[PDB]
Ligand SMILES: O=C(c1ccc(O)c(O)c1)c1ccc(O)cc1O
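The form deposited without the named molecule is given below as one chain in structure tokens.
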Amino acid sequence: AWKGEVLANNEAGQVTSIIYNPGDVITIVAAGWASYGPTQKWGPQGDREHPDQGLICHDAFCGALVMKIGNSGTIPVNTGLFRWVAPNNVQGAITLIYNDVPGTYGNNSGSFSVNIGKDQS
């Protein structure tokens, strides 16, 4: 099990102690408030009224919580995943990233508290 924070101003993303292996079933629960620039802040689901202007994950709103599993493409996490299995041939360490446009994280603020654990399978 892993528990830490993901800073919005972290373009590199926060690496976790979890390593997803084929067949694993995980569960994620994220909370907190972050911002992709503006003064106000949004939840893990992001800003639904802001358009996709070249985010790292086009399957989630700007300011939403996404993740990389090893060397895979970005994967939507949002509020979290419940007893979830990854697509075929996806394996590696889980890495939580704040969904924002590359090279803009500079003005970001806030963070997300995230819990990750492997369920029984």
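Residue numbers run from 1 along the displayed sequence.
We do not show the form deposited with the named molecule bound, though everything after this point is about it.
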With heavy atoms only and a cut-off of 4.5 Å, decide whether residue 76 touches the named molecule in the deposited bound form. yes
Please tell me whether any heavy atom belonging to residue 72 falls inside 4.5 Å of a heavy atom of the named molecule, as the geometry stands in the deposited bound form. yes
Verify the contact flag for residue 90: yes if a non-hydrogen atom of it lies within 4.5 Å of a non-hydrogen atom of the named molecule in the deposited bound form, no if not. yes
